[PDB]
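> generate coordinates for the sequence data below:
(8 chains, ligands or ions: 2)
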Amino acid sequence: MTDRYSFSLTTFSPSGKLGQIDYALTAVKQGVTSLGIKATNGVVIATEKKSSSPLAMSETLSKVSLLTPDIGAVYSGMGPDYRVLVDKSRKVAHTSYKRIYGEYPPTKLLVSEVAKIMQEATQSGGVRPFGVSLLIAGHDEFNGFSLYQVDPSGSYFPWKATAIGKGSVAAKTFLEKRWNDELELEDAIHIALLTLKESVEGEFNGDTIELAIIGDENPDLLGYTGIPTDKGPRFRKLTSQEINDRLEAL
Amino acid sequence: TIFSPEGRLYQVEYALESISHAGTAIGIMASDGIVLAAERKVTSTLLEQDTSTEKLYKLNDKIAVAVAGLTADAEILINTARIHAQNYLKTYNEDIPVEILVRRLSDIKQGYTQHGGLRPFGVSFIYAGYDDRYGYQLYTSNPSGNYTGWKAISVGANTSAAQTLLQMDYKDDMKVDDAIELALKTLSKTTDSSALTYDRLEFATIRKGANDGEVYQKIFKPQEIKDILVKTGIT
Amino acid sequence: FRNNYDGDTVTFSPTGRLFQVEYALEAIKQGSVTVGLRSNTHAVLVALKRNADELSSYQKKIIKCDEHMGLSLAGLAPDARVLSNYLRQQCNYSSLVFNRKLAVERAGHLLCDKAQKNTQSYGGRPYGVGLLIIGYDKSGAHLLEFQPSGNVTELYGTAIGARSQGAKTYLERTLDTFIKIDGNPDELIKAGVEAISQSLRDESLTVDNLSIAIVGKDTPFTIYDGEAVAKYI
Amino acid sequence: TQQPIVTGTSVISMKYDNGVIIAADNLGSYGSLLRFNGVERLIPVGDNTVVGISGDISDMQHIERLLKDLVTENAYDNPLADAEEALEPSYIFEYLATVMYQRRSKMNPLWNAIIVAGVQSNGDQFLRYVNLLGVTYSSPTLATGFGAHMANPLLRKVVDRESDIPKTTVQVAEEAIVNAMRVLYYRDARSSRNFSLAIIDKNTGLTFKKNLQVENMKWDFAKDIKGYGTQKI
Amino acid sequence: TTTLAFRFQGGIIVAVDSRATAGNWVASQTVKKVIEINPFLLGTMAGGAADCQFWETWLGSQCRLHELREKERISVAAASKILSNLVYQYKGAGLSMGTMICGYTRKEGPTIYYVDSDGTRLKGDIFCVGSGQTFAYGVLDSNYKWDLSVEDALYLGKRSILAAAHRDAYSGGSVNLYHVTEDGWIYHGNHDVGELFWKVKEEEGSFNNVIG
Amino acid sequence: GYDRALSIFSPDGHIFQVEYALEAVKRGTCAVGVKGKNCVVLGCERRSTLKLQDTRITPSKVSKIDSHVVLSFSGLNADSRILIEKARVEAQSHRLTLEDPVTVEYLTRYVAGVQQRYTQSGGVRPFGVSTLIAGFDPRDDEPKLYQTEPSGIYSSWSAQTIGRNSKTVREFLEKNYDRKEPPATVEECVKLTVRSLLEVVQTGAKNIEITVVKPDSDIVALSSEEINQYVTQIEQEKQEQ
Amino acid sequence: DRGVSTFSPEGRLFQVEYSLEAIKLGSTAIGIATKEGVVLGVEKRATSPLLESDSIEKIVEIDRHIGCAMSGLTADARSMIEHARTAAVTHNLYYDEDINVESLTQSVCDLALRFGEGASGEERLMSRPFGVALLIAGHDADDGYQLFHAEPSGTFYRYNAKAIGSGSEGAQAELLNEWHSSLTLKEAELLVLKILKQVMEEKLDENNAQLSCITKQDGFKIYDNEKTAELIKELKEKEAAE
Amino acid sequence: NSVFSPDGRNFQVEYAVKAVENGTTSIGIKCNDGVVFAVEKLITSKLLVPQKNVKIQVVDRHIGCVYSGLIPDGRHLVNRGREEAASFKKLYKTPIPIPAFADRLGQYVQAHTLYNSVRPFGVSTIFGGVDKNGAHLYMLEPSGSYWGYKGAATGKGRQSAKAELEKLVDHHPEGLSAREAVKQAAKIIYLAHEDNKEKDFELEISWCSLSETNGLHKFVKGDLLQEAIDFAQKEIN
Ligand SMILES: Cc1ccccc1CNC(=O)[C@H](Cc1ccncc1)NC(=O)[C@H](CC(=O)NCC(C)(C)C)NC(=O)C(=O)c1c[nH]c2ccccc12
Ligand SMILES: [Mg+2]
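Numbers count the residues shown, from 1 in each chain, chains lettered A, B, ... in the order given. Ligands and ions are numbered 1, 2, ... in the order given. The coordinates are given below.
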């Protein structure tokens, strides 16, 4: 019953810092590495499944999420914050876009809405900022493939390739060295695997690594036939087996 | 919101202090156009220059803003400014005069200063616009909700340094092309980087529309910036 | 212990105490003395009114709540106005809806509950007034003492305010005599007026000083001030 | 806006020397269908009051729930709930009359005609009527629906004014009620042979009689009636 | 009901009848249809009695409030507009009123405003209002001149109400007369139609439809 | 949402936030008003710090509230816009309901009331603004000049000044303003107003702005050239002895 | 700083006590009740000689039979006056009569209570107590001429005579000695003017002090400057002959 | 209130318990077909009217509540219990089962330990009665914690009360009649008064029993009360 903190919990300090946003960014730093690489014909987003218990079934906890048939997200930072942001991102894609124009939002606009939701946790009364950074990759007819980072402050930036979390500095270095504008999706997936092995402590296989792509349309995932102009999602989560296949010729 | 014993607003002053660490944005007004130029905050090789707009935004067909501060705060305000321009267009069947839009935005910022216990927006704007009453105009607004009109101005880092340079070289009879040169030279002199390369800039003009009698906002593609940087002899 | 714990009504001290409520209790002890007592047929309030100045009016301590009920006050006077207005309404509501005179006991319960909410809400203070309530209902005469903690007790007699401990000891001794004073209003007022005297360092209680109220079997609640109290001084 | 669905016909009542009598049949009609046959339309409240209700049965069941809540609520924090602070007929009545009038004023009536019968704590008879409009009245005899047209005239031949009430015994009053119930069964198409009757006496208390029947009916003369004018056989 | 007010050389004449009706029932013959708002302001009443009584009494309160707030008497224009705006809030709810606000101020001179429950507000020199309005108009308009003496103007007022009192079933009782000056209303008495009619017939030679 | 009290009483009986609001006015640019026999002149200083401004479009210090009343201020510029907007709404509302423009006293009492309200409301802070309200009542040739402050106190002045160094210019006007002999005309009334600012400005170029209000809604701002000629004549005429 | 309606360990409301301190810094106001009327007088106290003193409104009409004088944070007094006037005019509307002086005072004191937020039990549309005290004077048929002191504590007292503001400690003792039941209105006027002259920091004249009274016959009136001046030759000549 | 300490405690609730421990002692005893409630009423002064400051409260018709600590807090809780019981009866027609009622109070007390703008209740409450399937007795702490009990005690004399309660559970394992339980409650209240012997006390007993009160809550008064007092007076010496 009723809130006593109807004031901003994020305020400016004498030096100009927004304390709570910095502290949230530190929470992202402690988080498991995730990364994204943009190709000519796709985007790859990848991350490690740091399991809490070997008694836990790690397939019941996805770090890589579909947001629209052509947009997926990954994060580094606080898992539960990510989980609720995914729900709101899914919802806002419908309420602010699909229920208006009868189609899914382009990547930049959806990222824009998520950014807005995060900005509000930075200005509103009685809340702390979200403790996560998201990488959001997608496709849309008029913009093609794209990749965005969203930070706890609500800031977003487009990337050719980036990494967030623990070893992000070493991984960005590793990516700047390897990225070019002629990469096919398979090349990007390969680079994503190499980059991620540096980060991973333990086993490095299709059960401990989580990987998804925004590629071409998967008509076999649509669920129905008969409408030619409907071709299926571009978001595709790679299977454990599909990952192990690419680790043999790694 | 509260006053200090000095008669100052703490949170506003601290917001202003935040802005002085953001990339410099420069606005220059000439008789036949306006220039907006801004320095992108320390970037990386892998940033997508092509699909990036962090400092320059279109408000309507005749008005644009350069941003210094938190981008997410600025998008909040930009969005309401866009709505405000459309409400005016719907009400009067005329494009909104620049000052009216600027005053509104400034009033929103002022509100956060005076009631509600929320933090102010950490944003300073340079507005560049044209209308049939005052022709070309340049305004500035900061977190306090104050706004002033200028012939040339800067916000963000090194405003003091950039302001002195503009004061020296500015002349009332300038054409846009001379103003393009002035803004780039000033950013070059005041950068905290080695060189002022294309990948670290956003650039835009509001001109008399190539050849027409109408008004055109040109937001420079990265390649265009590279050219206009050679022309002015900074390469 | 008293340190960071008396900031609001919404915080317990490490001893389990509510200091804001205890501080509210201290405004009662600061207030001018008032006495209440009863027999089987009548109930009486006696109060010492207090002036600000020799040029001023003595301020009233006695408020009527219904034809069969009223109260005296010690502490923050404007708080007494708030609480008696509520009590006036509760009395009124009872007459209109049920055609029933409010039991003095229920009036006690209602005041307790109202005080209580103010001992648990953030940003609100507790009431800072003590009250003595008298009435004649369907089960005779009654006297109640109200404390802003919300504790209300039924008594044959009592006193609140500064130096009230004297009057209390007197009534404690007088018990078996005044409980029987039936069918003689003037004798009971006299026993009340004598009780309030044990609480005087002040002076000799003048025609302006003294405030008396009575209610009973065939007497609506009535207030006496000025020349009408002379015959008791 | 509403309309009665399942309904229960007359409630009839009168004062005698030492108390009140009230009766109502046991039928719940559904328009012209005599649908339900074990319906109690007399409601004892405590043991000094019977509420008799006619009109809409769903609204009647609502008023039952209210009366039971009233008894519960009166018992709360009340050590005299079965003595001096028990619910009186007049309290029960005023309450319902308040409810009825508020509901009609909100354009959402309880579609009923109600008679409250009982004895006050001072021994006085209480007999009062309230209906869906909030109209209230008292009389030595009260009846609702058809009862007002047919029972009152017979009952008034016994108690025509206030001074006829010392003069009227329990036996005469009950006799008159029972006869009037017979007349109602003869002429009211929505009435029933089975009824309940309650006596509230200042000495006896409450006597509640269930499963009473109309007896001594005259039907033999029917056999001589042939045709509708000229027919002889 | 018949009420009138007119401006002339020497100020304002205000005259009203005093009959209250409910259907064809004569409820009263001695009713007050002028409200004395302040010593310089008058209000007249036609239509719903409660509506008029209540809202013009309310108007007096608002006018008084103005005096305390502005340290000056309210203008006729402003007083009428308060009632006009109130009545407009209630439009379509079924308020029923026909009203004249008549007074003097230095800035305005003598002023008449007509205000009704439709929300109409008009400044004018001559108004007749109520079921008897047309009858009063017939006499008033045919004998009106700007330069009428005070004595004549009071008589014309009185005579116009008598006319309407005679012809309109819903008017009658008595005439109440007022003169408003620079200094500023003066009451000019109650005149019972029972006596006034016969007096006027005799002295004037009019009312020849009437036998005896 | 948020209605926590910020303006409260001190142990010695001041409202700290109101007092600190006064400090904000103290650092605001200077403003002055003096009234002639048949006019009221409004003068304001503009700061030297930034001289690359566009004067065509920058909000000026003297604002029209209605066609016969002006307002100037010292303190937080942004705060002043809120008062000016509300005063303007009230002015139109007054014409709409009373069928007459506001008196200068009425308008002042309204602005002062708004200022007062923000000193006793939860969640809000007082206005860091003091105002000078000047003009002519409808159909009246007698000039009016009022001053309001953050507390909501208001009063009328023959001449007054507010803002930084106002203490000096007040001292000046106290010596130089005579109540029986006011300035007789517009020309000489402006001159006194410029003289009072010249005590504080120290070159006043386009650094001084003037507005003259005459009866019957005749309000005119002065250009640099008209002001220049006043400054020129003041230091020239006052030199020899 | 913790809370706005917090009790002290003594059992006093912090903010109420402090508001009483603000009243002490105010201009002096004095009222004297007689059987021929009540006189209210105030020190105007101009902050500068350029202030037009007749624009200083420290004595206000509430209704024909009620006036009042203020001392303290005088801007706070506007909404108190507005409420008072509305209560009086409203009462007359509901009841076709004059509101009793005492009843009007109680109303003003009810308004003063409503600081805080909306305390659990009802609602408070105000963040701090008023920082102004009122002397409320008038006449009614039941109690005749009356003088009340309205405090931001919500309490009020009737007085035969009362001073509020900066000079109030000195003025009250002076009033203790000078007041008697018999004073005429002319004697009361003169005493207010005398006591103001003593406590004022300039020399008292018709521009830095203001007089008013309330009589049954003429109601509440603020004396113009000519009338007060002619009471100040009078007080000078009276004290000079003593 | 909403503040967890570094070791997962709530100091505010722990402080609320100290207010309870400071209170008068009160008890409940579960018998073979019902429940008995008893409480110590301190006689502060002779002026207190005997039998007239009733502490034990009824809820609906079949539930009694007794409590120790801040009396007003207990009343606040009982008002809520009554609203809560009426609302159950309104929708479900049957009177509220005791376990159902326990949780209602439970959830409400627990809510007051979630928010910085509220304090926990300063009482422990002993309550119960008869429902569809027997007698139940409950005790409820400031934290909102509650369990079923065979016997319960709270307040100043809680320790000795618990010890006498434990002895009964041992010497009577075979289900303690309603009439015995009343007698014993009087005894136990007498034996917790040893701590506060400086001031005199008054005894209040109430009961809800299937065979003795028809499952309704009644106050023990008259001859039954005196008989229980005499038993306690005899067994104390
Ligand atoms: C303007 C004025 C001011 C003061 C005095 C007189 C006048 C002249 N006006 C009238 O006489 C009007 C004529 C009229 C009738 C219907 N429509 C519009 C106009 N009469 C009314 O308003 C009457 C007045 C009345 O009967 N008053 C009683 C009283 C004061 C004379 C004793 N009320 C009624 O008829 C009346 O209230 C009702 C009559 N039947 C009703 C059923 C439900 C509710 C109300 C009524
Ligand atoms: Mg325990």
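> give me phi/psi at residue C:115?
With angles defined as degrees, to the nearest 10, residue C:115 sits at phi -60, psi -40.
> residues touching residue C:44, list them.
Residue C:44 makes contact with C:36, C:37, C:38, C:134, C:188, C:189, C:191, C:192, C:212, C:213, C:214, according to CB atoms under 8 Å, 6 or more residues apart in numbering or on different chains. (C-beta placed from N, C-alpha, C; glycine too.)
> and the third one, what does it touch?
Each residue near residue C:38 by CB under 8 Å, 6+ apart is listed here: C:44, C:134, C:141, C:142, C:143, C:156, C:157, C:179, C:188.
> can you name the residues bridging to it?
Going by DSSP bridges, residue C:38 is paired in beta bridges with residue C:43.
> do the same with the last one
When bridges are called by DSSP bridges, residue C:214 pairs up with residue C:44, residue C:222.
> neighbours of it, how many?
Using other CB atoms under 10 Å in any protein chain shown, residue C:214 has 23 neighbouring residues.
> also the fifth one?
Neighbour count of residue C:188, defined by other CB under 10 Å: 25.
> show me the contacts for it.
Counting by CB under 8 Å, 6+ apart, residue C:188 touches C:37, C:38, C:39, C:42, C:44, C:178, C:181, C:214.
> what count of nearby residues applies to residue 55?
Reading this off chain A. Neighbourhood size, residue A:55 [other CB under 10 Å]: 6.
> can you look at chain E instead?
Around residue E:55 there are 23 other residues, counting by other CB under 10 Å.
> residue H:99: what's its closest spatial neighbour, skipping adjacent residues?
residue H:136 (6.4 Å; CB to CB, 6 or more residues apart in numbering or on different chains).
> quick check, the one you found in a strand?
Yes. Assigned with DSSP: H, G, I helix; E, B strand; the rest coil, residue H:136 falls within a strand.
> ok, it touching residue H:146?
No. Taking contacts as CB atoms under 8 Å, residue H:136 lies outside contact range of residue H:146: 11.0 Å.
> list residues touching both of those two?
residue H:102.
> which element, helix or strand, includes the residue in chain H that chain E sits nearest to?
Chain E sits closest to residue H:90 of chain H, with a gap of 38.6 Å, by CB to the nearest CB. Assigned by DSSP states H and E, residue H:90 belongs to helix H:71-92.
> could you do residue E:52 as well?
If you go by DSSP H and E, residue E:52 is part of helix E:49-70.
> got it, and residue C:193?
Remark: residue C:193 resides in helix C:185-197, with elements defined by DSSP H and E.
> for that helix, buried residues please.
C:185, C:187, C:188, C:189, C:190, C:191, C:192, C:193, C:194, C:195, C:196, C:197 (16 or more other CB atoms under 10 Å in any protein chain shown).
> quick one on the thing from earlier: and the furthest pair within the contacts of residue C:188?
For the contacts of residue C:188, the farthest-apart pair by CB to CB is C:178 and C:214; their separation is 13.7 Å.
> name the nearest residue to the closest residue to chain A within chain H, sequence neighbours excluded.
At 4.6 Å from chain A, residue H:117 is the closest residue in chain H, using CB to the nearest CB. Take residue H:117 and drop its neighbours on the chain: the residue closest to it by CB to CB, 6+ apart is residue C:122, 4.1 Å away.
> and the residue of chain F closest to chain C?
Using CB to the nearest CB, the single residue of chain F nearest to chain C is residue F:4, 9.0 Å away.
> and that residue, helix, strand or coil?
coil.
> just the contacts of residue C:38 now: which is nearest chain D?
Minimum distance to chain D across those is 11.9 Å, recorded for residue C:142 (CB to the nearest CB).
> got the angle between the strand or helix carrying the closest one and helix C:185-197?
Element membership for residue C:142 (DSSP H and E) is strand C:140-146. Orientation check (axes from the mean of the first three to the mean of the last three CA atoms, to 10 degrees): strand C:140-146 against helix C:185-197 gives 20 degrees.
> rewinding a little: spatially nearest residue to the residue of chain H closest to chain E (excluding sequence neighbours)?
According to CB to CB, 6+ apart, the nearest residue to residue H:90 is residue D:65 (7.7 Å).
> again with residue E:125
Nearest non-adjacent residue to residue E:125, counting by CB to CB, 6+ apart: residue E:7, 4.4 Å away.
> what secondary structure does residue C:109 sit in?
Three-state assignment for residue C:109 (three-state DSSP): helix.
> roughly how far apart are it and residue E:120?
59 Å (CB to CB, to the nearest Å).
> hang on, residue E:62 packs against residue E:80?
No. Checked against CB under 8 Å, the pair residue E:62 and residue E:80 is beyond contact range at 11.4 Å.
> okay, the two: which has more neighbours?
A count of neighbours by other CB under 10 Å puts residue E:80 above the other of residue E:62 and residue E:80, at 28 against 17.
> OK, contacts around that one?
Listed by CB under 8 Å, 6+ apart, the contact partners of residue E:80 are E:101, E:113, E:115, E:121.
> and it, which helix or strand is it part of?
Residue E:80 belongs to helix E:76-89, assigned by DSSP H and E.
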